[PDB]
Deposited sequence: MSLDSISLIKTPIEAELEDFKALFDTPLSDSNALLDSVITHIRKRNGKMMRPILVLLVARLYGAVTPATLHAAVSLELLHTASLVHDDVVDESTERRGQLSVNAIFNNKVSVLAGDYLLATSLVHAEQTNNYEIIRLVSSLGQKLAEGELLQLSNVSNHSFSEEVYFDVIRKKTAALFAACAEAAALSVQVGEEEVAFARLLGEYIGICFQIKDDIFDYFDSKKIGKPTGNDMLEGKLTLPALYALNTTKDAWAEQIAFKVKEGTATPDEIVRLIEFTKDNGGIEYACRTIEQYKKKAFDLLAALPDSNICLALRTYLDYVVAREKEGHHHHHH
């Protein structure tokens, strides 16, 4: 019936093109690596949110580029953290990441907006810090800790995107605050959606890396079997086995971990819709509702 993608992008078609151009000082190595790593879920969010308030300005585009560069840089730097050919990939890729990261800052400044500069830089700080926390973890299963981490990372980026979108069109503090919460809710649905995917083949990777995501956490809290509580200790400990993980993953499903993660997503989606109900309807509001349905429904 109604083409979802169209409801989402059509209204921002032209500014999407402007963003893609703007998203793309010379080096034989530089060109190869930056050029080399060069769906826009976050840029689409930045554009739609700005269009809630006004026309997209060149500041909106630089914001979107800036934040997208910041995200790209940390993904690149994360691979690094994770024989002679290992080291090699590593040295330039850290420098590539540092470049993307500086370029990210240039774009923020090209917004000619202090708050946006403040937002991007402080966000850069936040991301650095928590993730430097994960490495030093001194003490070990609550959702609370799980959500806190999401709010500090993936959802922090989505919130930043939306917040920057509003600052870029210069609306008041409440609208900026409204946009930030919106983006945060969206970032949380998005992150939980991704965590669920890991429990399926299309496997169990987050566990191999030490992570227990919402579905697992749910099964343990409700069931509390010692065998489970035990493999979980092993996952966090970095000691679980590739085979054990498949089993805990499976234990999770059988114990309603997914249905519950999906129910939580629904709660945050409703929080988001309820937030949007304060706005008059428009093609932009409709585009955002479809965006959020497409995030959630994605599988």
(request) Write out the missing regions of the deposited sequence in sequence order, one range per stretch. (result) 1, 26 to 29, 44 to 47, 92 to 100, 159 to 160, 223 to 228, 326 to 334
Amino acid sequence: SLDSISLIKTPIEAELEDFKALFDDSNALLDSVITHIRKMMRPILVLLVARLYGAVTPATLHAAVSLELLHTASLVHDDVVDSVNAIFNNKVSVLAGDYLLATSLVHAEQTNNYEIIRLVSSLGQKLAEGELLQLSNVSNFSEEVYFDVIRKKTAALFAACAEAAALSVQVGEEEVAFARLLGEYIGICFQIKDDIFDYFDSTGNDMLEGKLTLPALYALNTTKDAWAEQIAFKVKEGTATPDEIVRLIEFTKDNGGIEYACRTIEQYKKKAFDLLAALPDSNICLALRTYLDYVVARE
From here on, numbers count along this sequence of modelled residues.
(request) Could you check which stretch, 85 to 93 or 171 to 179, carries the larger mean CA temperature factor in the entry? (result) 85 to 93
(message) I need to verify one thing: averaged over C-alpha atoms only, is the B-factor higher for 238 to 246 or for 66 to 74?
(response) 238 to 246
(request) Please work out which residue in 106, 119, 133, 189 has the highest C-alpha B-factor recorded for this crystal structure. (result) 133
(message) Just to confirm, going by the entry's C-alpha B-factors, which of 262, 46, 59, 40 comes out highest?
(response) 40
(request) Divide the modelled residues of the chain into thirds by Cα B-factor and specify which third, lowest, middle or highest, holds residue 113. (result) lowest
(message) Where does the C-alpha B-factor of residue 124 rank in its chain, lowest, middle or highest third?
(response) lowest
(request) Pull the Cα B-factor of residue 184 out of the PDB entry and bin it into the chain's lowest, middle or highest third. (result) lowest
(request) Would you check the entry's CA temperature factor for residue 55 and let me know if it's in the chain's lowest, middle or highest third? (result) middle
(message) When the deposited Cα B-factors of this chain's modelled residues are ordered and cut into thirds, is residue 163 in the lowest, the middle or the highest one?
(response) lowest
